[PDB]
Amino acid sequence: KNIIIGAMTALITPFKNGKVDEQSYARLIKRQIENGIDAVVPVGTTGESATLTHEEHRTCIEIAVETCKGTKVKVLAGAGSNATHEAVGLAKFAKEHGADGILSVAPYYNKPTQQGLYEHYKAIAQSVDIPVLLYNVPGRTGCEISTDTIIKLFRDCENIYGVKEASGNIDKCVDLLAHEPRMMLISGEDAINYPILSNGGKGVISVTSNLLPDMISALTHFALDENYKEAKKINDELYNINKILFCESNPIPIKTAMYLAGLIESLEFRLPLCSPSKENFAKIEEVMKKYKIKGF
């Protein structure tokens, strides 16, 4: 199986005057490459995939591909949709335009059954010849890819190689790797990066790495090298920021933090996402001063 593992970042999508700041987007990606990151995920949940047009979605995939060219950093392009024809369209674009693989979030809002999720992902996996990483985040989609469905998709489709798990369910992560230890389990929840990696997980898709890419890189690589003491220490070190980055719905805190660190020009979202409250704004500012944030 072909895979994409290691320390990965769910890139924020900077806006300026309501448009994707394409120069700042590329700038942020090269900052990730320079700080030990193994792969970048354009237009995931953290990249405000919901409010980008299909054209902007595609633009941000191409920028990631262009900026990572000439390096060892892979591109795992966000390609999910709650409509299978929409997800297939995104997957074929990412293949044809040079992405190393795709991330595909479980369909949100329309709650497909497990049988529907299987056919959804099998159509996607058969749409391309590049690795496909499932992405389960039931708190946002309203659905769960059961362990049995994940395992069936891994075993039945050649290019489905693992799942990015954002469920806060360490039992499921044991369940997955005890019954199918060949899969690539990916942490989609920063606070429990170390526990998931300690159990055989092979990488992270991080929100915190937007702000602290070097710390997430070191954590992941220590862990993959089985230096569990140093991986755990950084994970414990990062707990406060890992949780404060979810005082409000992601990516509202991380974009506030990137703005507070001077890494993006304007604290702009697309509705219905918005600025945080002034209280959470101050709480984000207060957790940040305790960490050293790399610039460009």
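Numbers follow the displayed sequence, beginning with 1.
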80 to 88 versus 125 to 133 - greater average Cα B-factor per the deposited record: 125 to 133
Per the coordinate record, which of the options 215, 151, 73, 191 holds the highest CA temperature factor? 73
Should residue 164 be placed in the lowest, middle or highest third of its chain by the C-alpha B factor in the entry? lowest
Could you look up the Cα B-factor of residue 112 in the entry and say which third of the chain it sits in: lowest, middle or highest? lowest
Residue 30 - which third its CA temperature factor falls in, relative to the rest of the chain: highest
Tell me, lowest, middle or highest third: where does the Cα B factor of residue 293 rank within its chain? highest
Going by what the PDB entry lists, where does residue 238 fall on CA B-factor within its chain: lowest, middle or highest third? lowest
